[PDB]
Student: 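Below is a structure I'd like to ask you about.
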Amino acid sequence: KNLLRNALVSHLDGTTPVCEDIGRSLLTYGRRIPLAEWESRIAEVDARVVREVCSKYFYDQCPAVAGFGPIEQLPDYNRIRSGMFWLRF
Amino acid sequence: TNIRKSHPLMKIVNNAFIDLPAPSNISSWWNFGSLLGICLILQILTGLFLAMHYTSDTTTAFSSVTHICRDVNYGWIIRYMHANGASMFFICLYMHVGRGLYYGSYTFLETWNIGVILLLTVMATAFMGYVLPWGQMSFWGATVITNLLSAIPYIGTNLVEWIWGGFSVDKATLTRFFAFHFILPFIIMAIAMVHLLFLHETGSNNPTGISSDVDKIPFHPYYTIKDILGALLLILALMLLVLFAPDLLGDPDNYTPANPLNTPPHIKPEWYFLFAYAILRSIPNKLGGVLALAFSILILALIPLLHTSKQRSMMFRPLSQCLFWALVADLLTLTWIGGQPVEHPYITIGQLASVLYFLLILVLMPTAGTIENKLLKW
Amino acid sequence: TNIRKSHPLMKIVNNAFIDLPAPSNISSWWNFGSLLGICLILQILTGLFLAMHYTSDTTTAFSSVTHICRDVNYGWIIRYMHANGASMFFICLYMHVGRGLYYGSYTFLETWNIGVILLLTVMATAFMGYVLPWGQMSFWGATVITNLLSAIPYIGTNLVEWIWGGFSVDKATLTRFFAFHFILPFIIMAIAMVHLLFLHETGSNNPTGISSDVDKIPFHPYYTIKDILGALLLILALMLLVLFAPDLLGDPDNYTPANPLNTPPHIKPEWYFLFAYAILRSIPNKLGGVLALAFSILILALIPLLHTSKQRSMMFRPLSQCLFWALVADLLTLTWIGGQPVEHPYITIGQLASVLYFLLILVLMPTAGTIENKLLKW
Amino acid sequence: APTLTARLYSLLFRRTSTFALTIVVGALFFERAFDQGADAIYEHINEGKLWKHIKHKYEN
Amino acid sequence: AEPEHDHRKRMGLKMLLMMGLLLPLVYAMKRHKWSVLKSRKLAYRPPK
Amino acid sequence: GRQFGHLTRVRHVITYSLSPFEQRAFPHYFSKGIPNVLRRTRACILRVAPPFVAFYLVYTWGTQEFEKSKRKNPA
Amino acid sequence: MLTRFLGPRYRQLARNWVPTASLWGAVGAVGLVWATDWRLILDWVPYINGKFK
Amino acid sequence: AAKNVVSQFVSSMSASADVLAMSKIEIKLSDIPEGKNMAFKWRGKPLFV
Amino acid sequence: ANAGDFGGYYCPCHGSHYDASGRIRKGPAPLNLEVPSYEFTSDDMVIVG
Ligand code: HEC
Ligand code: HEC
Ligand code: HEC
Ligand code: HEC
Ligand SMILES: C/C=C(C)/C=C/C=C/[C@H](OC)[C@@H](C)[C@@H](OC)[C@@H](C)CCc1oc2c(O)c(OC)cc(OC)c2c(=O)c1C
Ligand SMILES: C/C=C(C)/C=C/C=C/[C@H](OC)[C@@H](C)[C@@H](OC)[C@@H](C)CCc1oc2c(O)c(OC)cc(OC)c2c(=O)c1C
Ligand SMILES: COC1=C(OC)C(=O)C(C/C=C(\C)CCC=C(C)C)=C(C)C1=O
Ligand SMILES: COC1=C(OC)C(=O)C(C/C=C(\C)CCC=C(C)C)=C(C)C1=O
Ligand code: FES
């Protein structure tokens, strides 16, 4: 949470990143979402939310995988798929 | 840092069964290795539960085996699982050797040579096992096969009487054959590990006989799942035999108790000895017949020295493919002759098949490999 | 580039027996590990040659053992080598455990924990072995020790009858005990290898309990030759017993055939069970007595959690030295009581010795270690 | 999201413990239903014949 | 000769029916995993 | 998995050794050997012996007490 | 002495693993009951009835 | 299938058809004098009259 | 028979003292000795089981 407040605020620092954010946000959200709203959205996140929201996207889902270079030891896809759940849980 | 990768015991399991680089490539003919392991532990497990009720005395040995089959809760499945698993052990052995012969896998000298020891050890184990229920085939089986040693000049007689316990097959013979038959599968199990140890040094061969490092896949999950399927087919093949035809592959004569005064008219080996039996009796000489028998299995150790071909596998070698199948069909011929009495057509064609067995491996297959080299301008 | 160093089989031998870095330092108390191996193969070899002539039926089992001792060429040495080797196996076990306890070798958790399994397995093996000749001690030995399971609530009775083969010790009991007693030494042998595998990970401890990497010597020729000498002392100790006093460590009552109607007046364990026997019967309760017996050997697995001392070895720990010897002498006391009848002075002093056994390990030795820490300003 | 393999996965298969629980509960009710069926097939293909069908001839 | 006769044929029918479930099911399990390899596509893209 | 050349770090230590064929197996075997065993015995007797005499006393008393108890006198 | 593992994070970590450890017990209980044909418990189960009446 | 082979194998160690259901024993009462325990065999395990 | 300190029975295995009722009094054993099903046919014979 703290890392994200620090990233958000440290990013919106200069005319250029703020101008980008005005421009981009009006294309994507249709508003500017003010800094105090993000903080409200960040503050709501606790451990239960992280467990819920990560499970939703990560747990037992098929990854897309891209490999370039000396990749003989890159695990087989079945074994990457198997890394997406836990037998203990 | 993985628990699977660095724990001193799991290390061994991981580098054999999980992370082991295996060819993308290996067919159903590669299933027989794991199937031999399944066969080994099946025979160990049933054999243990049979040993819990078997008595190794001549007066009582037949009675204990039938006590198993009638009185012991589910003693019948255990007994006939054991009996048909021994035959399953031989079907898998022969497939496994033939695969090795075809695909040039014998070029792994140590793996192959240990394999030859494994064949001889499992043959000697299963001979002993058949002696145990003390039927008619048990007794004369014990008589003939022990007497093969009597062909060693000067000391052979002393040797046969040394393993017998006296001048004839007796009380002493059966009690030690139980002891020898108990331990030898565990010795086999230890040699199976050394077999695997020498193999892992190179990894597997494949259908093409071309090096497959360019395209290895992890043993798990691919060959773990292909092995499970293959084992489930082995269970079908076994459980068809015990549950629908328990005595198809055995002899009815082993259901009469042993009798030292009468050898039966019809006597043949267990099906899986019939080719070697046919070879030995094709020679009307004592020393030559047993020397041919020894040579019929010990020949496999010469096969690497006789590989002439510039290719490893028989996949791209049609002349060799033909002569391989002539070898299988000739072996099928020899097991047919083994099944028949020593009378007119059978004596000659069995003699010719014996000659062809040795001529194919020694002369005809090495020459085929040279011709095939010359045809590819090699 | 050495053949000894790179050959996949000799590799294993070299890294265990030849080039293995070992402390400059380790005394005669380190000889017992190899001696246990010698004991294991001695028992395997004699046990095999006894199995060649032994029959596992109740009618004939006593007769076969005496057939070995009278009729079988040199059957008597084999039988009593086996008998006294089993006692040799126990002398070496107890020395080996005590060495480990004294020198803090239990801090190798896996090596030690496997060692505890090895103790329990060799105890169960030797119980089975004693059942086999079907003397009076064989039968009631089989009765009492199997019945320990009947103390497990709800299912204990079903379990005892499950391993018996029926409502009493019988035909079924002896045939399976031969089978269980045959295989278990090979299972032991396999666990002895895993024991060694976990050990080689750290190498050996030494008398000082201080790390010895600063002064390692090659296993060969130093500990190859020290092991040979040690084995030649083991042969003396064994061959003194078989050739001058074959029955000193056994029971005369096992020379009368088994009799289900009469338990003898005098009955005691084999000498090497006497301490644990003394512990169980010091408690006038069924469940508590067997729980104490289990706890008397399973306690060794708690010893690592109770090590308070800032030093590994007892060499520089005089309070602990005293209390170690109190433990040995108390164990010597418990084997004396085990030998005596359940009557006036013996009941109480055996109860007090039982309490002292558990108080020494649980309370008194951990407290000694703390005091010793405080005295060195640690 | 109406579909039944989906709700099977959502409620029972997603977690490995629930997956194991649904297998063991599944194995109990299979053993009954299969042994019920396979005996009833074997008994029907051997219409009289067995001592279960002979039973009533020799009395109570 | 064979008092087990009726019991072995009962277990046989169970064996055949079980195997008629398990053989296609384990086959599908093995095919499902081998999917990734059996449908894989290779391209060779050397320089210049 | 431990090998010479990989064990630990040691600096500044010289070791002088002689060949087995240059030297005696039993250099001064009784002259130095006996004084040593006595020294080793003295070092450990107070730690090893007193539990075993404590066994010995309880042994001697226990056997005696059991013997005497299975006799009567005035009855 | 085990005081390393006592604090707010380990309290949360235990709480997370509780439904799982409960379900693994529920797996094992039924599995023991099924393997042994535990007569005491299976008499309750309304369709699994090998004993008549 | 695992349940079945494992149970069948487990069942082979337990009491066979060879040993089930044992019978009564008749003992004459006046054959023992007043103050003695007499050691008979019944069901394989000793009976004390 | 006729051993131990309550005039009945002594088991020499771990020091069980039974009386002439068959009841456990001293030592480890949890329960009194197994009373069988029996009857007297009149007063000459006893049949047990
Ligand atoms: C006389 C030859 C021979 C005999 C008999 C033999 N092996 Fe092999 N085995 C080989 C060879 C050669 C290979 C290597 C095959 C390859 O890579 O193509 C091998 C491979 C295997 C494999 C792994 C790969 C595979 O082919 O499935 C296993 C497992 C196996 N052996 C175990 C056994 C067991 C168990 C026995 C019976 C005790 C046995 N073998 C009998 C020669 C044999
Ligand atoms: C733990 C001991 C044990 C082990 C291990 C063992 N068996 Fe046996 N085997 C027996 C006993 C006992 C019998 C006698 C009962 C019988 O005839 O089926 C026997 C019987 C046999 C028979 C005769 C079958 C018959 O009844 O016609 C053969 C053949 C056989 N064994 C081969 C094998 C093979 C092959 C192996 C694996 C290398 C093996 N056994 C493992 C104890 C063992
Ligand atoms: C309950 C403890 C325990 C038992 C029982 C035990 N071990 Fe060990 N063993 C150890 C420990 C701990 C070591 C390490 C000793 C050290 O380095 O000081 C060890 C060391 C050894 C060694 C090599 C070094 C040495 O001490 O000589 C061998 C060999 C050995 N064990 C084999 C065996 C055999 C064989 C058995 C009997 C089957 C066995 N052990 C029983 C715990 C035990
Ligand atoms: C190959 C089978 C075999 C092996 C291995 C074996 N034994 Fe035995 N053992 C026997 C037989 C048979 C007897 C019965 C003959 C006899 O009483 O001496 C026996 C007897 C015994 C006896 C009773 C000795 C007596 O006569 O009073 C003991 C104790 C014993 N074994 C312990 C061991 C121990 C400890 C081991 C090693 C862990 C072992 N045995 C290895 C087969 C074996
Ligand atoms: C302690 C000493 C031991 C264990 C010595 C072991 C020697 C073992 C051998 O080598 C491993 C051996 C089994 C192997 O020969 C190569 C076989 C293929 C031999 C095949 C074989 O079977 C027969 C058989 O089964 C019979 O009974 C039904 C009767 C037989 O005559 C009529 C024979 C027979 O004439 C032959 C050649
Ligand atoms: C298939 C089932 C099996 C193999 C079960 C095996 C259990 C094995 C045990 O654990 C390994 C066991 C051997 C071990 O207990 C910890 C011993 C130290 C027990 C010591 C022991 O000996 C006795 C004995 O020898 C006797 O005869 C002469 C008679 C006995 O009563 C009078 C005893 C006895 O009362 C005890 C406690
Ligand atoms: C590199 O090729 C390999 C295979 O691929 C075809 C296998 O399938 C197996 C599996 C073998 C088993 C289960 C038998 C184990 C034998 C004993 C005595 C425990 C092994 C080891 C192997 O090395
Ligand atoms: C690092 O310490 C070691 C010793 O130094 C005290 C030994 O002396 C031995 C020698 C042990 C032998 C001969 C027994 C082998 C057992 C079996 C089952 C084959 C080993 C292995 C060891 O690791
Ligand atoms: S068996 Fe009677 S006192 Fe233990």
Side-chain angles (χ1 to χ4, degrees), chain A residues 70 72-73, chain B residues 5-9 11-17 19-23 100 104-118 190-206 209-214 216 219 301-307 310 312, chain C residues 1-24 34 193-194 196-204 212-228, chain F residues 1-11 13 15 17 19-21:
Chain A
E72 204 183 77
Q73 154 132 110
Chain B
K5 285 205 244 174
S6 68
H7 176 88
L9 241 193
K11 231 198 215 85
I12 322 282
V13 180
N14 187 59
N15 298 345
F17 302 113
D19 273 17
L20 163 98
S105 294
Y106 55 83
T107 58
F108 305 146
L109 300 174
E110 301 110 297
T111 297
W112 178 263
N113 288 156
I114 295 292
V116 178
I117 312 295
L118 287 151
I191 298 153
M193 279 142 157
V194 171
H195 191 64
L196 262 0
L197 177 133
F198 283 109
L199 180 72
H200 289 159
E201 211 81 4
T202 51
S204 263
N205 182 221
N206 74 80
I210 302 154
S211 164
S212 60
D213 285 346
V214 143
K216 298 289 216 251
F219 192 89
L302 294 194
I303 286 160
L305 272 7
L306 307 166
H307 187 106
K310 257 225 175 163
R312 186 183 192 184
Chain C
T1 318
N2 226 306
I3 48 267
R4 203 196 65 231
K5 285 205 244 174
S6 68
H7 176 88
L9 241 193
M10 287 298 151
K11 231 198 215 85
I12 322 282
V13 180
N14 187 59
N15 298 345
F17 302 113
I18 299 136
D19 273 17
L20 163 98
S24 62
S34 60
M193 279 142 157
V194 171
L196 262 0
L197 177 133
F198 283 109
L199 180 72
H200 289 159
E201 211 81 4
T202 51
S204 263
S212 60
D213 285 346
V214 143
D215 190 30
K216 298 289 216 251
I217 53 159
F219 192 89
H220 183 74
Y222 295 112
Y223 300 112
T224 46
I225 209 72
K226 198 156 134 292
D227 276 14
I228 282 148
Chain F
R2 321 248 268 122
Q3 324 120 88
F4 287 101
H6 278 328
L7 301 164
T8 193
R9 177 184 182 80
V10 175
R11 309 193 58 182
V13 180
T15 303
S17 280
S19 177
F21 295 94

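Below, read A as the first sequence line, B as the second, and so on, with proteins coming before strands; counting in each chain starts at 1. Computed from heavy atoms alone, side chains included, the values below leave out hydrogens, waters and symmetry copies.
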Student: Going by the rule side-chain contact (heavy atoms from CB on, under 4.5 Å), which residues pair with C:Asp227 if we only count those two or more places apart in sequence or in a different chain?
Tutor: C:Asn31, C:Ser34, C:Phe219
Student: Can you name the residues that form a salt bridge (charged side-chain N to carboxylate O under 4.0 Å, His left out) with C:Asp213, not counting sequence neighbours?
Tutor: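 For C:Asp213, the residues satisfying salt bridge (charged side-chain N to carboxylate O under 4.0 Å, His left out) (neighbours in sequence not counted) are C:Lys216, F:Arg2.
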Student: So, using ring pair (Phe, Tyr, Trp, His ring centres under 6.0 Å) as the criterion, who are the partners of C:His220 when residues are at least two apart?
Tutor: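 Counting only residues at least two positions away or on another chain, C:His220 forms no ring pair (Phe, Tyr, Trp, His ring centres under 6.0 Å).
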Student: Which residues satisfy the side chain to side chain donor-acceptor pair (under 3.5 Å) test with B:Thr107, sequence neighbours excluded?
Tutor: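 Residues passing side chain to side chain donor-acceptor pair (under 3.5 Å) with B:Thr107: B:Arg312.
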Student: As an exercise, state the distance from CD1 of B:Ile114 to CZ of B:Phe108, rounded to the nearest 0.5 Å.
Tutor: 15.0 Å
Student: Just verifying a value: how many Å separate B:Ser211 OG and B:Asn206 CG, rounded to the nearest 0.5 Å?
Tutor: 8.5 Å
Student: Output a table of donor-acceptor pairs, distance under 3.5 Å, between side-chain atoms of residues 191-204 of chain B and any protein atom two or more places apart or on a different chain; print 'none' if there are none.
Tutor:
residue, atom, partner, partner atom, Å
B:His195, ND1, B:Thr111, O, 3.0
B:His200, ND1, B:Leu196, O, 3.3
B:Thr202, OG1, B:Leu199, O, 3.1

Student: For F:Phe4, I'd like to know if atom CZ has over 12 heavy atoms of other residues, nucleotides or ligands within 6.0 Å.
Tutor: yes
Student: Could you tabulate the donor-acceptor pairs under 3.5 Å formed by side-chain atoms of residues 3-13 of chain C, not counting sequence neighbours?
Tutor:
residue, atom, partner, partner atom, Å
C:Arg4, NE, C:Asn14, OD1, 2.6
C:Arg4, NH2, C:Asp19, OD1, 3.2
C:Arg4, NH2, C:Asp19, OD2, 2.8
C:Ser6, OG, C:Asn2, O, 3.1
C:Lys11, NZ, C:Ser6, O, 3.3

Student: Going by the side-chain contact (heavy atoms from CB on, under 4.5 Å) test, name the single residue among C:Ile228, C:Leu20, C:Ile217 that passes it with C:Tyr223.
Tutor: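 Exactly one candidate clears the test, C:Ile217.
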